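What follows is each chain in one-letter form.
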Amino acid sequence: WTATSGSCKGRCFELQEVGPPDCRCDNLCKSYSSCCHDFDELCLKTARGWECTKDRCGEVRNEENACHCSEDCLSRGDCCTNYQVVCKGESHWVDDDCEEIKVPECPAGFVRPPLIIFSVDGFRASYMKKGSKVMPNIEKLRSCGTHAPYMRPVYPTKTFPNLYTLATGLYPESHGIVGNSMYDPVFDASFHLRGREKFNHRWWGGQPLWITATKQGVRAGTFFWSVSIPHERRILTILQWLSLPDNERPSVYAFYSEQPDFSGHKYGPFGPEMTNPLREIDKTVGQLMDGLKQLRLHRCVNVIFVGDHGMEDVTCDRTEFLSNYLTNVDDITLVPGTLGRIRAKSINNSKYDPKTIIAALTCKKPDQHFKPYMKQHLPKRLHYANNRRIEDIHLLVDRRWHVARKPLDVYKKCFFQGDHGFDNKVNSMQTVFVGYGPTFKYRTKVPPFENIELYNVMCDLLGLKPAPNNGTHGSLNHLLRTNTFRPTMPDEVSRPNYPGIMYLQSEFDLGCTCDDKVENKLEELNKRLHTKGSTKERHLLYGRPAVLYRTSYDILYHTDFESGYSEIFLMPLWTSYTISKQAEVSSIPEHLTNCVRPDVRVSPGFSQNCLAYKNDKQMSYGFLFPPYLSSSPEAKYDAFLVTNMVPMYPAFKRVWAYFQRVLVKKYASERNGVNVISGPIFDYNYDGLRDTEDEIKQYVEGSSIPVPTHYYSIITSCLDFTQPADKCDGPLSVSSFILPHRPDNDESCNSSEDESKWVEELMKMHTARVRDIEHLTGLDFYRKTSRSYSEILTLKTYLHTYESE
Ligand SMILES: *[C@@H]1O[C@H](CO)[C@@H](O[C@@H]2O[C@H](CO)[C@@H](O[C@@H]3O[C@H](CO[C@H]4O[C@H](CO)[C@@H](O)[C@H](O[C@H]5O[C@H](CO)[C@@H](O)[C@H](O)[C@@H]5O[C@H]5O[C@H](CO)[C@@H](O)[C@H](O)[C@@H]5O)[C@@H]4O)[C@@H](O)[C@H](O[C@H]4O[C@H](CO)[C@@H](O)[C@H](O)[C@@H]4O[C@H]4O[C@H](CO)[C@@H](O)[C@H](O)[C@@H]4O)[C@@H]3O)[C@H](O)[C@H]2NC(C)=O)[C@H](O)[C@H]1NC(C)=O
Ligand SMILES: O=C(c1ccc2cc(Br)ccc2c1)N1C[C@@H]2[C@H](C1)[C@H]1CN(C(=O)c3ccc4[nH]nnc4c3)C[C@@H]21
Ligand SMILES: [Ca+2]
Ligand SMILES: [Cl-]
Ligand code: NA
Ligand code: NA
Ligand SMILES: [Zn+2]
């Protein structure tokens, strides 16, 4: 109940939310149908439109007008935004040359530069270039301020998950808004675009920027606008709030535009009808910047122009129907469209089995335009699994396609020509970032970055301490002129042991054998040095990774590679090696095919054993340093040490062997040498974070050898590829992956073919940031370089996408 008998007189766009059943006058009262009776009359004035004309100049103040051209309007904070231009011979902000803002130039009373977040729905990255002729204001912000060629949204590339990631710095799996549509099994409640449940606080996790500001005594404009409030009114309200007295004035504001998403859906991302929405948005920016100028705030405010996701060409004909795949179609519930999420329709149906549904959706048709996944096998870069609102079965839909349950759904619900929601690496889903103002850099282009990084920066622009989030604070310091956040490296928690030769061969009873008893002061003196670390400078280029949890581990040196060997998990946590452009591949000699050698530096009780592998019919083993890249026949024996061994399904060994035999050398040739760090990952609970020993769900049968859920590699070289990886004087270049350790290759529909046709594609799907590997392993990489730590953070956030230009 709302007793809407009170009045909005004096209270138009009030900043505090008044408690029901008192009537509201806030920018969201319409959405709750709770505004007072006179809200339209007093607060949504439209008379005369939005622009001064010559004949209004110096007029008598008529309180009925949407905005004012009277002499008193400036002090009343309520002129039309073009007032000084029409009536005072001033120029529009867009017509002024840009001039570096070297220091903030703010009115007295301003304790910090305000931040204005200008968010545009469905603003595809390529519009910056492709629409630049019709967006003069946006193009001025872009070229005078700091810009990225594009910003990576989060998955799914939908509106609510992305705006709430911008507000919080969190992955959807963590903030809880994992779709535009959700069922929460614990609440037994549904979140829908239409309705009132979406307003309940229990959906909204983390701590949004506006709550962060309020709690730390920074005042915030209310971020949300009811759809019906026109953009011109939204802008004038922000401008009016900026004229409030110092003690009442917010320091952060949000504007939101439903365009160009709205027209993109109807016309496609590049339909000729899209020119208009782009003009209209640019006009709105112009109004804001003209209004800031009148307020003398145009060299004081930091403006962020940011999109939530792009827009792709999608039509009704490109729909796949689950009914062409499943018999039991009416026993499932499908969340459809540009992603699929499947659950049982009834929890009382004991004949529901996710494995049979998955198999009926797997590689069933030649040109199949979606791939089924259990959520925990989704690429780790998506971070889309650790929430009860995310259905166990997920469908990654190909760009340009839809999935639906049955055809009736599609023609009983072509209308739309654009949509979004696809894999956040897809180029058509990328969006925009421009920063403009005193705290941002002047005419600077920065590399593409992910929108999870922005919360930290917005907190930095406001002097706030960010809540715990998934940003890497310092990774975007290069966007900022000042207010940088100067992070320190985390402290190493565990120091390694450096074991020497401590065990005789006969102390080992591992059921392993090697044809190695085939036997000097030239060569013996030299293998001693190699096991002490003589060549560590070549294979460990950026220091050893720090271990950021309590554990027992050993550093193991070798001619060709160095490793940090875990006595707890019985395998390395990481293995580091350098492959120069000139390195040669060799095969594993015949006599050494089955060789595994005990490591006399490491006790039997902390070693793997070959018998567990013999007796486990499902499980085989691989090596972290590949025997194929040994520097010499003598060096190859090190590659067969039991301490270089890791458990691998034979189907996975197909992927791994190809990567080590073919791809490592190919990348070395291409990048002028590469440093490679490889290792296992254990994430049985799919939270994106290292599992402890007591969370391991799977061992090699009979033994305490834990099975990784994933294997990673980090591959580093010189950004200036004229320098070799091992002698690089400047910035580094990196690519990484986190490959699922799976007992079949069902993910790769072409996997019966040669590895040269499918392996690298699979690797690409599972591209990763070094930072993702850090969360998954508890290690900190790149500890000793010549580079600044901020530059290193940026490197750790880099995702190599393999999308074209
Ligand atoms: C991205 O960044 C984010 C933010 O930093 C990272 O997420 C954090 O990870 C932490 C470690 O996993 C996690 O800490 C846990 O907090 C538990 C209580 O937390 C409450 O309070 C916080 C702070 O205000 C709040 O944010 C939480 O809100 C969650 O839950 C509600 C819904 O229920 C949502 O509104 C909200 O969105 C959020 O949900 C998300 O997180 C939870 C996990 O907490 C998931 O369940 C959801 O799926 C969703 O993703 C909470 O209200 C705390 O109880 C935990 O402590 C247990 O474990 C420790 C181990 O040290 C143990 O010692 C403790 O005793 C305790 O164990 C006891 O409980 C167990 C389980 O019931 C039981 O088995 C034991 O026997 C014990 O009795 C834990 O410390 C932190 O909450 C989140 N923060 C957020 C916002 O999600 C995230 O990791 C980053 N991602 C990546 C890839 O890096
Ligand atoms: O008020 C805010 C807001 C919310 C959070 C915000 C966070 C920040 Br930070 C800044 C502005 C914000 C504005 N919003 C009003 C609109 C939009 C954002 C939400 C999504 N939505 C839809 O109807 C919708 C839109 C495009 C779609 N495409 N496909 N399906 C779609 C469904 C309802 C809400
Ligand atoms: Ca985990
Ligand atoms: Cl959705
Ligand atoms: Na076996
Ligand atoms: Na296959
Ligand atoms: Zn949309």
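Here is what the cut-offs are and how they apply
Residues numbered from 1 in each chain as written, not as in the entry; some residues may be left out. Chains lettered and ligands numbered in written order. Heavy atoms only, no water. Residues with missing side-chain atoms left out of burial classes, pairs and counts. Buried < 20%, exposed > 50% of the residue type's maximum accessible area, 1.4 Å probe, protein only. Helix = DSSP H or I, 4+ residues; strand = E, 2+ residues; numbered from the N terminus. Pairing = 2+ DSSP bridges. Near = heavy atom within 4 Å. Polar contact = N/O pair within 3.5 Å; in protein donor to acceptor, adjacent residues only side chain to side chain. Areas by Shrake-Rupley, 256 points an atom, 1.4 Å probe, with all protein chains shown as cover. Axes fitted to C-alpha atoms, helices over the stretch in contact; angles between N-to-C directions. Contact = heavy atoms within 4.5 Å. Core = buried A, V, L, I, M, F, W, Y, C linked by side-chain atoms within 4.5 Å.

- As stated in the entry header, the method of structure determination is X-ray crystallography and the reported resolution is 1.9600 Å.

## Notes on the pairing of strand 20 (residues 562-566)
Thought 1: Of all five residues making up strand 20, five are buried, and the element is well covered by its neighbours.
Thought 2: Here strand 20 shows a buried face lined by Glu562, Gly564 and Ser566 and a second buried face lined by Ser563 and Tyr565.
Thought 3: The sheet contact formed by strand 19 (residues 553-557) and strand 20 spans five bridges and is antiparallel. Directly across from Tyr553, in strand 20, lies its bridge partner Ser566.
Thought 4: Between strand 19 and strand 20, which pair antiparallel in sequence order, lie four residues.

## Some words on the site of ligand 2
Thought 1: Inspection of the region around ligand 2 gives 15 residues, with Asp121, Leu163, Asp261, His265 and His420 positioned closest.
Thought 2: One nitrogen or oxygen atom from the side chain of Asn180 is found 3.4 Å from a nitrogen atom belonging to ligand 2.
Thought 3: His265 is positioned such that a nitrogen or oxygen atom in its side chain is 3.1 Å from a nitrogen atom of ligand 2.
Thought 4: Against a free-state accessible area of 700 Å², the protein chains account for coverage of 82% of ligand 2.
Thought 5: Sorting the residues of the shell around ligand 2 by element identifies helix 5 (159-168) and helix 9 (261-267) as the ones contributing at least two each.
Thought 6: Among the elements that line the shell around ligand 2, the one with the most residues is helix 5, at four residues.

## Quick notes on the sheet that holds strand 9 (residues 332-335)
Thought 1: An order of 9-10-12-11 is seen for the four strands of this open sheet, with the pairing classed as antiparallel. Only two strands of the sheet have a single neighbouring strand rather than two, namely strand 9 and strand 11 (370-374). With strand direction ignored, the average angle separating the axes of adjacent strands in the sheet is 25°.
Thought 2: The sheet contact formed by strand 9 and strand 10 (residues 339-344) spans four bridges and is antiparallel. Bridge assignment links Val335 to a residue of strand 10, and that residue is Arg341.
Thought 3: Sheet strands touched by helix 11 (residues 354-361): strand 9, strand 10, strand 11 and strand 12 (393-397). Its angle to strand 11, the strand with the most contacts, is close to 160°.

## Focus: the nonpolar core
Thought 1: By size, the foremost hydrophobic cluster in this structure holds 58 residues, and its most contacted members are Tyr577, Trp656, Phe659 and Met763.
Thought 2: Excluding residues within four positions of it along the chain, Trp656 makes contact with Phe623, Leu624, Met648, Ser678, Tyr711, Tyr712, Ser713 and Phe737.

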